[PDB]
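**Q** I am attaching a structure below and will ask some questions about it afterwards.
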Amino acid sequence: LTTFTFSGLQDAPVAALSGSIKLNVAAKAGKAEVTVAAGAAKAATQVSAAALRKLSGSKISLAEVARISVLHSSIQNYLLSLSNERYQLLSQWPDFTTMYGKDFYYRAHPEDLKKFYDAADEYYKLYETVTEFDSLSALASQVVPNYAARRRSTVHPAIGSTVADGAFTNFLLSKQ
Amino acid sequence: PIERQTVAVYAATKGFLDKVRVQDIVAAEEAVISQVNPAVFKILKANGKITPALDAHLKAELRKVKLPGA
Amino acid sequence: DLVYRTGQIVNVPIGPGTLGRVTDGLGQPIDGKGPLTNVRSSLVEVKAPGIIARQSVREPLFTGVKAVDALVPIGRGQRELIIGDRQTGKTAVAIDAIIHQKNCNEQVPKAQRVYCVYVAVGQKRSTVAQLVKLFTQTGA
Amino acid sequence: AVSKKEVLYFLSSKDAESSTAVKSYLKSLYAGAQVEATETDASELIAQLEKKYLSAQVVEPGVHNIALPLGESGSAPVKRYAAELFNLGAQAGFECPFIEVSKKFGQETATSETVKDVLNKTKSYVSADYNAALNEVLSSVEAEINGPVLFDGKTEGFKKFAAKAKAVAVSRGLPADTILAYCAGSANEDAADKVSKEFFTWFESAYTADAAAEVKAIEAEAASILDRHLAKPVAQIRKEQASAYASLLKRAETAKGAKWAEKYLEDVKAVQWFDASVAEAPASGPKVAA
Amino acid sequence: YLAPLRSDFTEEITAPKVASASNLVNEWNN
Amino acid sequence: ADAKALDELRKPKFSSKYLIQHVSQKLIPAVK
Amino acid sequence: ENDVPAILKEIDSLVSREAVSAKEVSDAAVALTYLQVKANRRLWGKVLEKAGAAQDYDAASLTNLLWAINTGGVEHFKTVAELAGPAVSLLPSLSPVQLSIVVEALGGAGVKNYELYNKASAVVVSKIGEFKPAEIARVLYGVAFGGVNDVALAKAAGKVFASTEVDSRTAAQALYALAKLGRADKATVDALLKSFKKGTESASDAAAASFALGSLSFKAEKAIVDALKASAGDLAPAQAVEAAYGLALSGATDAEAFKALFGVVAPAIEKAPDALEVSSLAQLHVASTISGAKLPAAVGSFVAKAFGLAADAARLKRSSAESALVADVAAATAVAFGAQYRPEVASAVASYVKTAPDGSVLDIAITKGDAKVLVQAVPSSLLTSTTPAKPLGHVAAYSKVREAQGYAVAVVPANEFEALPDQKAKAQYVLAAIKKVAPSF
Amino acid sequence: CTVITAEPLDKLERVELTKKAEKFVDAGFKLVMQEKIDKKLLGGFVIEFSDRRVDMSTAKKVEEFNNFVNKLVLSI
Ligand SMILES: Nc1ncnc2c1ncn2[C@@H]1O[C@H](COP(=O)(O)OP(=O)(O)OP(=O)(O)O)[C@@H](O)[C@H]1O
Ligand SMILES: [Mg+2]
């Protein structure tokens, strides 16, 4: 945000848009009767037109408290988001334990039953590793250091090929 | 490894591998390295010598072995 | 043509960064894995260590070849000739000394581990690529 | 403490540990300490070198504070990600990426008067897809006069090469007339205003496509790393990672007294605070001082 | 969770090397 | 031990910044 | 029954649930500004966390949210800059009174979105009569602070500010937008300057017109100055600095206006000296010098070092087309003072680089006994963006601080210096400019 | 001799250069000179004596600087 801000009590929101919280402002020429109602609680104060202008004087400047970093947490959130797409297809696995009875054991070929008991031991291998979510935070650290070295470019952190080709067209198609 | 070399040379120089056909001494010692105790190699590697507490204890453990033909 | 002197007697990169790498006759790597990191250039023609810098060769180098370690055993600090005709197994005695050191280096403390160097002079490049394939597969 | 050229580089920086080194320096300068006279020394090659290692101390914590827009839909997470790296360039002393890579061209080719050498030591900075599509036009125009095309501009042997390289620049998609008419300029401020609004329409579609190509490679790397990891049994995973975690601790523990190693193990202690502060109240999160 | 620290620069300006689609949605559907 | 700060919790943790500082403190005094 | 902290807990439980929509996160933000909740930062953090998560966004809830972010003074760049995705998709769906709040909030936060401001200025010039004068200033504040030097809008806004006279807060936003664009149009600044003796109600718009006049270097207003001297308790210490800096640069010397402004910033720096930016501590030392109104003994000595700090930091991070200009002007200063050969000019410009008294480094600092001159190159970033192209007010800021250090600053601007064809013409341009300031040389 | 420079010399660039160059002849020898130009050099000069050359040009001082700091960051 800048140093001086020019908004407050002019072209303001007059009312809430939801029903979860009920806002009612009553603007006079000088001050305003706001009435807020959220849940069981209610509040109603008087906000001057020069009381909202002092609000943006000292800025809040929110910042994220991350376990490791904001970069790492965004890679780990993507690996958690990718593990969800693989967990959703282990959700659609047929219930093999409905065929564990001995009327399926003895009607079945002895080699097609050992394949069935191996395909059930395989699902527990796949499912116990897709729910190993404490391993996603160390897979995110295999993505970070190679990315962070591409950002330590000697040209610019935000440089890429399309810009650097577009600035070769300016460099080459001008005089020497 | 050097401990399985000297055990196999012990099995040939202490007369444990005559009564064995000369064509399959190659396959006879493959039993001898694998059928004696895997703990008797560790003592010979740690000592570096076949001690008096081991040269009988291994040559009496080179009798509880199954050799081809015999 | 203009030939410039470099001021330096012939040198090669020495150090632990040469381990695992396939270099040429002047130490430049030919395995295609970039420059030799963690390395230092030293002369190739050094005066050999004299009488007062030696001590007696007492500890064994195990070849792993039992015709060798029983009959013609090799101490550490001893030059041993492998002489024979062609295709009699001279490399196989030498390769088995290198492969066996890998098996022994996993069991000994850090002070007594043997780091092999194989110099392949005048051989085929296919023969050398078969040896670094064997040494990668064995772990040597 | 900081060496007073770092703290001049951390004034416009906005990460945490650089600003707390600034704020404890400005608190020393409130208690009457003398601001040390900065050096009018360190000639041009040394000044370019320590600027490179001071910008990389503003860029390196700043890159770790920029959330990648992985798996997002739309252009505004990619335009946010690009704009955070623009501001990280400006905070670290870089100019615009157009002005930074063009300075890289004219510095690398200050000795060249032929085009085949200009297209050869600006090889690291342009696409090989674009370096080849200019070397095809160059070796046809040098197969037309049978003399090397000069980097002169007033030579007509360059003029019909530059008229064909302009046809290559549209064949990539680059508006070659728009880019040229921005970095040249115009007299009136109204006719140069309409060419800046269509350069910046190219430029924003240019740097979005470099950020979005960077996101699509992190997305593809992470999906490749995960699918290699989802094919492992769990006992392999926990000991592959505990081996990699413990090997990386002792690389920081055997490092005697180095500043990066104390800061490494201070951050392992701060991760374990984060895991412990969340265990005390998980619906709240970590405890901050309020 | 921790990474190897690296202090090196990128001198090229290249494309970022998009890796290939791993076959695991098509192996787990098999 | 609890409730550290905010400005201490905003630090990115395993950034380099101190390898970059270390190789700047042994290069610039060595190339001068 | 009037429960303000018990309604914060009822807002906290509205945004801490799982599927908060856009309207519930708009109105949670709107209710936090009307309640003035700067003290609770985590509750503002839970609202902007759900403001990025919220996917649907109609025209009314986006502008209620962006109003609340802007008015509340809460900044988080990642959240606000990704709200420019709803905005460029709702932009034909936006009211003209709503498009002014979007572009003011996204522009005032620094969102680098060229597709937004191109389409949002092309709308506001396609329907120029459809926008009231407060809305054309809000868009002008946004496109200027979003990094777009759109002078097509600054002309179309200038025709509106000439046809109708505007509110005081409307004009001071328009002055602040033209100050960052660096325009200094006499035709439109004076049309906005008459709005400031009808009575202004805020001190933030008296201080921002103060800053915008001094940055364009016009002059003080004598009712902006006298609104600022009464209501300098409404201003934050980073805002009173930019008022006193902007009054000093315009040539005001009303010392009672400066006692009011320095009565804010002095106990703030004494309470926490690291509270302000070092760019703002340097803007205090310019203001504590040109008007001459002094400061406390621990403050004015402290902001004197922070002019030395903030001047090297802009010299270390020099634009490298400014580094070309300084080494070009210093070479012409070698030829003007007598050096016809290259080993002479190479060893002369290494003698022009003496250190300033505050610890700084001056680039072309010539010393002849007691009289010292200083040559100042003013590239293009410190020029106005208009066709006369006089330098901005910040170069007279840097001049008067060095002039109060024993120098005689000769200004060499690159619009005049680089229209010259050879080095001999550029030598007598520098030699005339040095002798115009101290003719002892 | 042969001196190769970047652009043609001054009359003071001539006089400062012999003071460099008669410290490359190891007795009471006199150098004549022969002046050539090459903008592949970025200033400085190359003195060629037909049996030795000495390159105090800054175009090689760049490369001798770069390879010193490309060797030293790999040693840290
Ligand atoms: N101990 C062994 N047991 C079985 N086969 C062996 C043995 N040693 C070598 N051979 C085989 O004999 C062949 C010759 O071996 P090797 O290549 O080691 O000989 P060489 O002395 O290196 O010959 P050259 O270098 O002249 O080609 C190889 O193909 C190898 O497979
Ligand atoms: Mg052989």
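FYI, nothing fancy with the structure tokens labels: chains A, B, ... in order, residues from 1 per chain, ligands from 1 as they appear.
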Mind listing as number ranges by chain which residues of chain D are within 7 Å of chain G, counting only C-alpha atoms?
**A** D: 8-9, 11, 23, 26-27, 29-30, 35-38, 40, 76-77, 79-80, 83, 93, 95, 190, 193, 200-201, 204
**Q** Could those selected residues go to a file with N, CA and C atoms, as a compact mmCIF listing (two decimals), in the first residue's frame?
**A**
```
# COMPACT_ATOMS: atom_id res chain seq x y z
N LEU D 8 23.41 -1.39 3.09
CA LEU D 8 22.91 -0.48 2.08
C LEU D 8 22.07 -1.20 1.06
N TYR D 9 22.30 -2.52 0.94
CA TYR D 9 21.56 -3.37 -0.02
C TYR D 9 20.31 -3.96 0.64
N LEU D 11 18.24 -2.04 2.63
CA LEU D 11 17.32 -0.97 3.00
C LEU D 11 16.01 -1.09 2.25
N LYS D 23 17.19 -2.95 11.11
CA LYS D 23 16.56 -2.28 12.24
C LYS D 23 17.45 -2.27 13.47
N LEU D 26 19.95 0.54 12.54
CA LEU D 26 19.38 1.87 12.72
C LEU D 26 19.16 2.19 14.19
N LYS D 27 19.07 1.16 15.03
CA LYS D 27 19.00 1.39 16.47
C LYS D 27 20.38 1.69 17.04
N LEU D 29 22.54 3.42 15.18
CA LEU D 29 22.74 4.78 14.71
C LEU D 29 21.85 5.78 15.44
N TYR D 30 20.86 5.32 16.18
CA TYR D 30 20.15 6.25 17.05
C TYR D 30 20.95 6.54 18.30
N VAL D 35 28.15 6.40 11.23
CA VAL D 35 27.97 5.66 10.00
C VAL D 35 29.30 5.62 9.25
N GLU D 36 29.78 4.41 8.99
CA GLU D 36 31.10 4.22 8.44
C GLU D 36 31.12 4.67 6.98
N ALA D 37 32.22 5.28 6.56
CA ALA D 37 32.32 5.87 5.24
C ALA D 37 32.44 4.76 4.20
N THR D 38 31.44 4.67 3.33
CA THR D 38 31.42 3.62 2.33
C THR D 38 32.48 3.86 1.27
N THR D 40 34.80 4.33 -1.79
CA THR D 40 34.93 4.81 -3.17
C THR D 40 36.13 4.15 -3.84
N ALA D 76 -3.94 -14.74 -13.19
CA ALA D 76 -3.58 -13.86 -12.09
C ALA D 76 -2.74 -14.49 -10.99
N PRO D 77 -2.83 -15.79 -10.68
CA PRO D 77 -1.77 -16.37 -9.87
C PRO D 77 -0.43 -16.40 -10.57
N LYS D 79 0.44 -14.09 -12.82
CA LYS D 79 0.86 -12.70 -12.86
C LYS D 79 1.25 -12.19 -11.49
N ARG D 80 0.68 -12.74 -10.43
CA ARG D 80 1.16 -12.43 -9.08
C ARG D 80 2.55 -12.98 -8.88
N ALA D 83 4.98 -10.86 -10.82
CA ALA D 83 5.16 -9.54 -10.25
C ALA D 83 5.89 -9.58 -8.92
N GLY D 93 18.32 -4.69 -6.69
CA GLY D 93 19.17 -3.86 -7.50
C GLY D 93 19.14 -4.14 -8.97
N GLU D 95 17.40 -3.95 -12.75
CA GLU D 95 16.48 -3.09 -13.50
C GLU D 95 15.40 -3.98 -14.09
N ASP D 190 1.95 11.54 -27.03
CA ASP D 190 0.72 10.84 -27.33
C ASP D 190 0.91 9.69 -28.30
N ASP D 193 2.64 6.97 -26.33
CA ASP D 193 1.76 6.36 -25.34
C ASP D 193 1.04 5.16 -25.93
N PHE D 200 3.69 -3.14 -23.61
CA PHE D 200 3.35 -3.74 -22.33
C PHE D 200 2.23 -4.76 -22.44
N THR D 201 1.49 -4.76 -23.53
CA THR D 201 0.59 -5.87 -23.80
C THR D 201 1.37 -7.07 -24.32
N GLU D 204 3.67 -8.19 -20.91
CA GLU D 204 2.93 -8.93 -19.91
C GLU D 204 2.52 -10.30 -20.42
```
**Q** What do you get as a PyMOL selection string if you pick all residues at most 12 Å from ligand 2, counting only C-alpha atoms and all ligand atoms?
**A** chain C and resi 82-95+118-124+127-128+130-131
**Q** Which of these, H:41, H:9, H:34, H:47, has the shortest distance to residue 22 in chain H once you count only C-alpha atoms?
**A**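 Result for the nearest residue to residue 22 in chain H: H:47.
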**Q** Determine which residues of chain A sit within 10 Å of chain F, taking into account only C-alpha atoms, and present them as a VMD selection string.
**A** chain A and resid 62 to 72 141 144 to 145 148 to 149
**Q** Let me see the file: selected residues, N, CA and C atoms, as a compact mmCIF listing (two decimals), in the first residue's frame.
**A**
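Final output, out.txt:
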```txt
# COMPACT_ATOMS: atom_id res chain seq x y z
N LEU A 62 0.31 -7.94 6.57
CA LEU A 62 0.23 -9.35 6.92
C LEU A 62 1.35 -10.13 6.28
N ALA A 63 1.79 -11.18 6.96
CA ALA A 63 2.85 -12.00 6.44
C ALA A 63 2.69 -13.40 6.98
N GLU A 64 3.09 -14.36 6.18
CA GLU A 64 2.75 -15.75 6.41
C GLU A 64 3.77 -16.39 7.33
N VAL A 65 3.28 -17.08 8.35
CA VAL A 65 4.13 -17.85 9.24
C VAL A 65 4.16 -19.27 8.69
N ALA A 66 5.28 -19.66 8.12
CA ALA A 66 5.39 -20.94 7.47
C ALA A 66 6.27 -21.85 8.30
N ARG A 67 6.11 -23.15 8.09
CA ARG A 67 6.92 -24.10 8.84
C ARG A 67 8.36 -24.03 8.38
N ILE A 68 8.58 -24.04 7.08
CA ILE A 68 9.90 -23.89 6.50
C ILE A 68 10.00 -22.59 5.71
N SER A 69 9.21 -22.46 4.65
CA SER A 69 9.15 -21.22 3.91
C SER A 69 7.84 -21.20 3.16
N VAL A 70 7.53 -20.05 2.56
CA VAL A 70 6.33 -19.94 1.76
C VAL A 70 6.49 -20.67 0.44
N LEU A 71 7.71 -20.74 -0.07
CA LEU A 71 7.96 -21.48 -1.29
C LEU A 71 7.76 -22.97 -1.07
N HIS A 72 8.36 -23.49 -0.01
CA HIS A 72 8.29 -24.91 0.30
C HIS A 72 6.88 -25.34 0.62
N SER A 141 11.45 -30.68 -0.60
CA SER A 141 12.83 -30.23 -0.54
C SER A 141 13.70 -30.83 -1.62
N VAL A 144 12.82 -27.71 -4.31
CA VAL A 144 13.27 -26.38 -3.94
C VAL A 144 14.68 -26.03 -4.45
N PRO A 145 15.75 -26.80 -4.21
CA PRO A 145 17.09 -26.27 -4.49
C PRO A 145 17.42 -26.10 -5.96
N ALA A 148 15.49 -22.88 -6.87
CA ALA A 148 16.09 -21.69 -6.29
C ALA A 148 17.39 -21.31 -6.98
N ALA A 149 18.05 -22.24 -7.65
CA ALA A 149 19.25 -21.91 -8.40
C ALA A 149 18.93 -21.32 -9.75
```
**Q** Compute the set of chain E residues within 9 Å of chain F, using only C-alpha atoms, and express it as a ChimeraX atom specification.
**A** /E:2-8
**Q** Would you save the residues of that selection, restricted to N, CA and C atoms, as a PDB file, in the first residue's frame?
**A**
```pdb
ATOM      1  N   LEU E   2      14.730 -30.935   5.096  1.00  0.00           N
ATOM      2  CA  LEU E   2      15.756 -29.953   4.803  1.00  0.00           C
ATOM      3  C   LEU E   2      16.534 -30.305   3.545  1.00  0.00           C
ATOM      4  N   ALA E   3      17.042 -29.274   2.899  1.00  0.00           N
ATOM      5  CA  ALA E   3      17.599 -29.338   1.567  1.00  0.00           C
ATOM      6  C   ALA E   3      19.101 -29.112   1.593  1.00  0.00           C
ATOM      7  N   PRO E   4      19.826 -29.573   0.577  1.00  0.00           N
ATOM      8  CA  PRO E   4      21.224 -29.163   0.440  1.00  0.00           C
ATOM      9  C   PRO E   4      21.318 -27.702   0.038  1.00  0.00           C
ATOM     10  N   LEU E   5      22.178 -26.966   0.726  1.00  0.00           N
ATOM     11  CA  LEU E   5      22.380 -25.565   0.408  1.00  0.00           C
ATOM     12  C   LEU E   5      23.312 -25.435  -0.786  1.00  0.00           C
ATOM     13  N   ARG E   6      22.930 -24.604  -1.745  1.00  0.00           N
ATOM     14  CA  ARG E   6      23.707 -24.397  -2.954  1.00  0.00           C
ATOM     15  C   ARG E   6      23.966 -22.915  -3.136  1.00  0.00           C
ATOM     16  N   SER E   7      25.161 -22.586  -3.609  1.00  0.00           N
ATOM     17  CA  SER E   7      25.555 -21.208  -3.872  1.00  0.00           C
ATOM     18  C   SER E   7      26.169 -21.179  -5.260  1.00  0.00           C
ATOM     19  N   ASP E   8      25.324 -21.146  -6.278  1.00  0.00           N
ATOM     20  CA  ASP E   8      25.786 -21.091  -7.650  1.00  0.00           C
ATOM     21  C   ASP E   8      24.729 -20.392  -8.477  1.00  0.00           C
TER      22      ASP E   8
END
```
**Q** Quote the spacing between CA of residue 188 in chain D and CA of residue 381 in chain G in Å to one decimal place.
**A**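 Atom-to-atom, CA of residue 188 in chain D and CA of residue 381 in chain G are spaced 18.0 Å apart.
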**Q** Taking only C-alpha atoms into account and nothing else, which residues of chain C lie no more than 12 Å away from chain B? Please answer as a PyMOL selection string.
**A** chain C and resi 59-71+73+96-97+99-105+107-108
